[PDB]
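Undergrad: Below you'll find query-v2.cif; it's mmCIF, C-alpha atoms.
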data_work
#
loop_
_atom_site.label_atom_id
_atom_site.label_comp_id
_atom_site.auth_asym_id
_atom_site.auth_seq_id
_atom_site.Cartn_x
_atom_site.Cartn_y
_atom_site.Cartn_z
CA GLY W 1 0.00 0.00 0.00
CA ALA W 2 0.83 3.69 -0.45
CA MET W 3 3.59 2.68 -2.84
CA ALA W 4 5.95 5.21 -4.34
CA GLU W 5 5.53 4.87 -8.09
CA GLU W 6 7.55 7.80 -9.46
CA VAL W 7 9.87 10.17 -7.60
CA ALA W 8 11.87 13.23 -8.68
CA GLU W 9 13.37 16.30 -7.04
CA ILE W 10 13.87 19.82 -8.37
CA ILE W 11 15.94 22.67 -6.94
CA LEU W 12 14.92 26.15 -8.06
CA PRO W 13 15.03 29.73 -6.79
CA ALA W 14 11.84 31.53 -5.82
CA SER W 15 10.82 34.71 -4.02
CA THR W 16 7.06 34.13 -3.62
CA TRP W 17 5.36 31.38 -5.64
CA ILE W 18 6.46 28.06 -7.09
CA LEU W 19 3.82 26.84 -9.55
CA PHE W 20 3.08 23.26 -10.63
CA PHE W 21 0.95 22.54 -13.69
CA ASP W 22 0.46 20.37 -16.75
CA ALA W 23 2.78 21.25 -19.61
CA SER W 24 -0.26 21.99 -21.80
CA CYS W 25 -1.66 24.53 -19.31
CA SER W 26 -2.08 28.06 -20.66
CA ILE W 27 0.38 29.34 -18.04
CA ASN W 28 3.15 27.49 -19.91
CA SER W 29 2.90 29.88 -22.89
CA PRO W 30 4.15 33.46 -23.32
CA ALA W 31 0.67 34.80 -24.16
CA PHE W 32 -0.38 34.09 -20.57
CA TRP W 33 2.24 36.44 -19.12
CA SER W 34 2.34 39.16 -21.79
CA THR W 35 -1.14 40.46 -20.88
CA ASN W 36 -2.24 42.09 -17.64
CA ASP W 37 -3.57 40.61 -14.38
CA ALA W 38 -1.56 37.41 -14.71
CA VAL W 39 -1.75 37.24 -10.91
CA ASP W 40 -5.55 36.99 -11.07
CA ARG W 41 -5.37 34.37 -13.81
CA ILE W 42 -2.92 32.30 -11.76
CA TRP W 43 -5.45 32.23 -8.92
CA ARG W 44 -8.22 31.20 -11.32
CA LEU W 45 -6.09 28.29 -12.53
CA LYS W 46 -5.54 27.34 -8.88
CA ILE W 47 -9.28 27.51 -8.18
CA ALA W 48 -9.88 25.31 -11.24
CA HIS W 49 -7.33 22.74 -9.98
CA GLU W 50 -5.16 23.26 -13.07
CA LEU W 51 -2.19 24.38 -10.95
CA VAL W 52 -0.84 23.83 -7.44
CA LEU W 53 0.74 26.79 -5.64
CA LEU W 54 3.80 26.53 -3.37
CA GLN W 55 4.30 29.74 -1.38
CA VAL W 56 7.63 30.64 0.19
CA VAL W 57 8.14 33.32 2.82
CA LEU W 58 11.31 34.88 1.39
CA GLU W 59 13.61 34.50 -1.60
CA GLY W 60 15.86 31.46 -1.63
CA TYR W 61 16.71 28.18 -3.31
CA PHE W 62 14.41 25.29 -2.44
CA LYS W 63 14.45 21.53 -2.97
CA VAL W 64 11.01 20.08 -3.77
CA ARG W 65 10.47 16.33 -3.96
CA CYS W 66 7.50 15.22 -6.06
CA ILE W 67 6.06 11.72 -5.68
CA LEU W 68 3.43 9.82 -7.61
CA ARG W 69 2.06 7.40 -5.02
CA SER W 70 -0.60 4.70 -5.19
CA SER W 71 -2.50 6.35 -2.31
CA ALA W 72 -2.03 8.86 0.50
CA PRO W 73 1.38 8.48 2.18
CA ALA W 74 1.66 6.09 5.10
CA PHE W 75 4.15 8.47 6.75
CA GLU W 76 3.88 12.24 6.78
CA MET W 77 6.85 14.46 5.99
CA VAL W 78 8.85 14.29 9.21
CA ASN W 79 9.65 18.00 9.66
CA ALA W 80 6.49 19.37 8.01
CA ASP W 81 4.95 22.49 9.54
CA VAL W 82 1.96 22.60 7.18
CA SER W 83 -0.01 20.04 5.17
CA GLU W 84 -2.80 20.82 2.71
CA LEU W 85 -4.84 18.45 0.57
CA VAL W 86 -5.61 19.86 -2.88
CA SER W 87 -5.87 18.42 -6.39
CA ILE W 88 -4.56 18.87 -9.91
CA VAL W 89 -5.79 17.97 -13.40
CA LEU W 90 -3.06 16.84 -15.82
CA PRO W 91 -4.52 16.46 -19.33
CA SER W 92 -1.16 15.34 -20.78
CA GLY W 93 0.40 13.89 -17.62
CA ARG W 94 3.49 16.09 -18.05
CA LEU W 95 3.95 17.85 -14.70
CA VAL W 96 6.16 20.94 -14.98
CA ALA W 97 7.09 23.83 -12.71
CA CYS W 98 7.76 27.56 -12.96
CA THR W 99 7.95 30.57 -10.64
CA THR W 100 6.59 34.10 -10.81
CA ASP W 101 10.26 35.11 -11.15
CA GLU W 102 10.89 32.81 -14.15
CA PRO W 103 7.60 32.15 -15.99
CA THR W 104 9.47 30.43 -18.86
CA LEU W 105 11.22 27.94 -16.55
CA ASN W 106 9.24 24.96 -17.89
CA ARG W 107 11.05 22.65 -15.48
CA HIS W 108 10.04 19.04 -16.05
CA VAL W 109 9.06 17.37 -12.77
CA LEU W 110 7.39 14.04 -13.60
CA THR W 111 5.45 12.44 -16.42
CA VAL W 112 2.49 10.55 -14.96
CA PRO W 113 -0.63 9.00 -16.57
CA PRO W 114 -3.03 11.72 -17.72
CA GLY W 115 -5.94 12.41 -15.42
CA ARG W 116 -6.99 13.94 -12.13
CA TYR W 117 -4.97 13.57 -8.94
CA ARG W 118 -5.34 14.32 -5.28
CA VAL W 119 -2.35 16.38 -4.19
CA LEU W 120 -0.77 16.64 -0.75
CA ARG W 121 1.42 19.69 -0.22
CA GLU W 122 3.74 19.14 2.74
CA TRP W 123 6.08 22.01 3.59
CA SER W 124 8.64 22.68 6.31
CA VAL W 125 8.96 26.39 7.07
CA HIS W 126 11.81 25.42 9.41
CA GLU W 127 13.70 23.76 6.55
CA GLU W 128 12.79 26.54 4.11
CA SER W 129 14.29 29.16 6.44
CA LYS W 130 17.66 27.38 6.21
CA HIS W 131 17.96 28.18 2.51
CA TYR W 132 17.36 31.91 2.01
CA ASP W 133 21.12 32.47 1.58
CA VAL W 134 21.78 29.66 -0.91
CA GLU W 135 23.60 31.24 -3.84
CA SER W 136 22.80 28.65 -6.51
CA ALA W 137 21.14 25.28 -7.04
CA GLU W 138 24.61 23.71 -7.11
CA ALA W 139 25.44 25.18 -3.68
CA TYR W 140 22.28 23.76 -2.10
CA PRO W 141 23.73 21.24 0.40
CA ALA W 142 23.20 17.70 -0.84
CA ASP W 143 22.26 16.35 2.60
CA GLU W 144 19.65 19.06 3.30
CA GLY W 145 16.03 19.36 2.30
CA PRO W 146 13.65 18.70 0.81
CA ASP W 147 11.93 21.92 1.87
CA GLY W 148 8.65 20.40 0.70
CA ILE W 149 7.15 17.20 -0.67
CA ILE W 150 4.33 17.17 -3.24
CA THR W 151 2.52 13.83 -3.41
CA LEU W 152 0.01 12.87 -6.10
CA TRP W 153 -2.36 9.92 -6.12
CA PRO W 154 -5.38 9.23 -8.35
CA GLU W 155 -8.56 11.13 -7.54
CA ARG W 156 -11.18 8.43 -7.14
#
Spell out the structure here as structure tokens.
TA:
Amino acid sequence: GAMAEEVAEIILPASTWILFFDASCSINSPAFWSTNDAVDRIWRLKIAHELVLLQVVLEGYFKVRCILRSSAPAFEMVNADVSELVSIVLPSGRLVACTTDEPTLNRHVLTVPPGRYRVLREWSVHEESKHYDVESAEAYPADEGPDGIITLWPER
């Protein structure tokens, strides 16, 4: 039960929002960001479960582990300070990430079967606050993090 099926980690800088979405989502195109009120249209995508939003308190470099799991995790993230159950729709199954600092990041996270997933966002503010002074992804200490874990399992 609760079997890890696919696992990957990304390390990226961010000052406010890390955004997870299907590669086919409108946010993954320049036309989304070239027109006004992109911040309102991000929130509408979140409301519509087309993106998942990872907020950070201050600018830093953060390690995010993403897991496709057969069900909800048997063990919570050990140092998590917050846990929220949301969902995401992935019409192509290609899960990618960007930030409001780098909208063109298009960072591949995982390729999962297309469909709708329950999503657990686990985040450690304590771990996040260790990494505001990280200069680069390469300088992120290998034995530290993840600052958060994003777990997907099929919405049934």
Undergrad: Selected by the PyMOL selection byres ((chain W and resi 105-118) around 7) in the shown coordinates: which residues, as a VMD selection string?
TA: chain W and resid 8 10 28 86 to 98 102 to 104 119 to 120 152 to 155
Undergrad: Create the file for the chosen residues now, containing C-alpha atoms and written as a PDB file, in the coordinates of the input.
TA:
ATOM      1  CA  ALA W   8      11.870  13.230  -8.680  1.00  0.00           C
ATOM      2  CA  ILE W  10      13.870  19.820  -8.370  1.00  0.00           C
ATOM      3  CA  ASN W  28       3.150  27.490 -19.910  1.00  0.00           C
ATOM      4  CA  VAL W  86      -5.610  19.860  -2.880  1.00  0.00           C
ATOM      5  CA  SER W  87      -5.870  18.420  -6.390  1.00  0.00           C
ATOM      6  CA  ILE W  88      -4.560  18.870  -9.910  1.00  0.00           C
ATOM      7  CA  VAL W  89      -5.790  17.970 -13.400  1.00  0.00           C
ATOM      8  CA  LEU W  90      -3.060  16.840 -15.820  1.00  0.00           C
ATOM      9  CA  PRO W  91      -4.520  16.460 -19.330  1.00  0.00           C
ATOM     10  CA  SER W  92      -1.160  15.340 -20.780  1.00  0.00           C
ATOM     11  CA  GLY W  93       0.400  13.890 -17.620  1.00  0.00           C
ATOM     12  CA  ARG W  94       3.490  16.090 -18.050  1.00  0.00           C
ATOM     13  CA  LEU W  95       3.950  17.850 -14.700  1.00  0.00           C
ATOM     14  CA  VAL W  96       6.160  20.940 -14.980  1.00  0.00           C
ATOM     15  CA  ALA W  97       7.090  23.830 -12.710  1.00  0.00           C
ATOM     16  CA  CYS W  98       7.760  27.560 -12.960  1.00  0.00           C
ATOM     17  CA  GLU W 102      10.890  32.810 -14.150  1.00  0.00           C
ATOM     18  CA  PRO W 103       7.600  32.150 -15.990  1.00  0.00           C
ATOM     19  CA  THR W 104       9.470  30.430 -18.860  1.00  0.00           C
ATOM     20  CA  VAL W 119      -2.350  16.380  -4.190  1.00  0.00           C
ATOM     21  CA  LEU W 120      -0.770  16.640  -0.750  1.00  0.00           C
ATOM     22  CA  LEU W 152       0.010  12.870  -6.100  1.00  0.00           C
ATOM     23  CA  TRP W 153      -2.360   9.920  -6.120  1.00  0.00           C
ATOM     24  CA  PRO W 154      -5.380   9.230  -8.350  1.00  0.00           C
ATOM     25  CA  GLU W 155      -8.560  11.130  -7.540  1.00  0.00           C
TER      26      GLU W 155
END
Undergrad: Could you jot down the CA of residue 75 (chain W) to CA of residue 2 (chain W) separation for me, Å, one decimal place?
TA: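 These two atoms are separated by 9.3 Å.
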Undergrad: Excluding region 58-64 of chain W and any residue of its chain fewer than 5 positions from it, enumerate the residues within 7 Å of it, using all atoms listed in the file, and give them as a short mmCIF file (atom, residue, chain, number, x, y, z; two decimals) with C-alpha atoms, in the frame of the given file.
TA:
data_model
loop_
_atom_site.label_atom_id
_atom_site.label_comp_id
_atom_site.auth_asym_id
_atom_site.auth_seq_id
_atom_site.Cartn_x
_atom_site.Cartn_y
_atom_site.Cartn_z
CA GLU W 9 13.37 16.30 -7.04
CA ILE W 10 13.87 19.82 -8.37
CA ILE W 11 15.94 22.67 -6.94
CA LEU W 12 14.92 26.15 -8.06
CA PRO W 13 15.03 29.73 -6.79
CA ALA W 14 11.84 31.53 -5.82
CA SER W 15 10.82 34.71 -4.02
CA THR W 16 7.06 34.13 -3.62
CA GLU W 128 12.79 26.54 4.11
CA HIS W 131 17.96 28.18 2.51
CA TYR W 132 17.36 31.91 2.01
CA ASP W 133 21.12 32.47 1.58
CA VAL W 134 21.78 29.66 -0.91
CA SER W 136 22.80 28.65 -6.51
CA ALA W 137 21.14 25.28 -7.04
CA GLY W 145 16.03 19.36 2.30
CA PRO W 146 13.65 18.70 0.81
CA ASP W 147 11.93 21.92 1.87
CA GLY W 148 8.65 20.40 0.70
CA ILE W 149 7.15 17.20 -0.67
#
Undergrad: In Å, with one decimal, what is the gap from CA of residue 29 (chain W) to CA of residue 43 (chain W)?
TA: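 Result for CA of residue 29 (chain W) versus CA of residue 43 (chain W): 16.4 Å, one decimal.
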Undergrad: Quick one: distance from CA of residue 26 (chain W) to CA of residue 101 (chain W) in Å, one decimal?
TA: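 That distance, rounded to one decimal, is 17.1 Å.
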Undergrad: Could you tell me which residues the PyMOL selection byres ((chain W and resi 54) around 9) grabs in this file, written as a PDB file with C-alpha atoms, in the frame of the given file?
TA:
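And here is the file that came out, out.pdb:
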ATOM      1  CA  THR W  16       7.060  34.130  -3.620  1.00  0.00           C
ATOM      2  CA  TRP W  17       5.360  31.380  -5.640  1.00  0.00           C
ATOM      3  CA  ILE W  18       6.460  28.060  -7.090  1.00  0.00           C
ATOM      4  CA  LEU W  19       3.820  26.840  -9.550  1.00  0.00           C
ATOM      5  CA  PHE W  20       3.080  23.260 -10.630  1.00  0.00           C
ATOM      6  CA  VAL W  52      -0.840  23.830  -7.440  1.00  0.00           C
ATOM      7  CA  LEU W  53       0.740  26.790  -5.640  1.00  0.00           C
ATOM      8  CA  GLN W  55       4.300  29.740  -1.380  1.00  0.00           C
ATOM      9  CA  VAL W  56       7.630  30.640   0.190  1.00  0.00           C
ATOM     10  CA  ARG W 121       1.420  19.690  -0.220  1.00  0.00           C
ATOM     11  CA  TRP W 123       6.080  22.010   3.590  1.00  0.00           C
ATOM     12  CA  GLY W 148       8.650  20.400   0.700  1.00  0.00           C
TER      13      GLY W 148
END
Undergrad: Name the residues that the PyMOL selection byres ((chain W and resi 6) around 6) picks from the file above, as a PDB file with C-alpha atoms, in the coordinates of the input, using the file's chain letters and numbers.
TA:
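This is the output file out.pdb:
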ATOM      1  CA  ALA W   4       5.950   5.210  -4.340  1.00  0.00           C
ATOM      2  CA  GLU W   5       5.530   4.870  -8.090  1.00  0.00           C
ATOM      3  CA  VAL W   7       9.870  10.170  -7.600  1.00  0.00           C
ATOM      4  CA  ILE W  67       6.060  11.720  -5.680  1.00  0.00           C
ATOM      5  CA  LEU W  68       3.430   9.820  -7.610  1.00  0.00           C
TER       6      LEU W  68
END
Undergrad: Set up a box along x, y and z of the file covering all listed atoms of region 112-115 of chain W, add 3 Å on every one of the six sides, and write the centre and edge lengths in Å to one decimal, as AutoDock Vina command-line options.
TA:
--center_x -1.7 --center_y 10.7 --center_z -16.3 --size_x 14.4 --size_y 9.4 --size_z 8.8
Undergrad: For residue 27 (chain W), find every residue with an atom within 9 Å (counting only C-alpha atoms), except residues of its own chain fewer than 5 positions away, and show them as a PyMOL selection string.
TA: chain W and resi 21+32-33+38+41-42+45+103
Undergrad: Pick out the closest residue to residue 126 (chain W) from this set: W:70, W:24, W:78, W:37. Count all atoms listed in the file.
TA: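 Ranking W:70, W:24, W:78, W:37 by distance to residue 126 (chain W), first place goes to W:78.
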Undergrad: Let me make sure I understand: among W:72, W:31, W:80, W:85, which one has the smallest atom-to-atom distance to residue 49 (chain W) if we use only C-alpha atoms?
TA: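 When distances to residue 49 (chain W) are compared using only C-alpha atoms, the smallest one comes from W:85.
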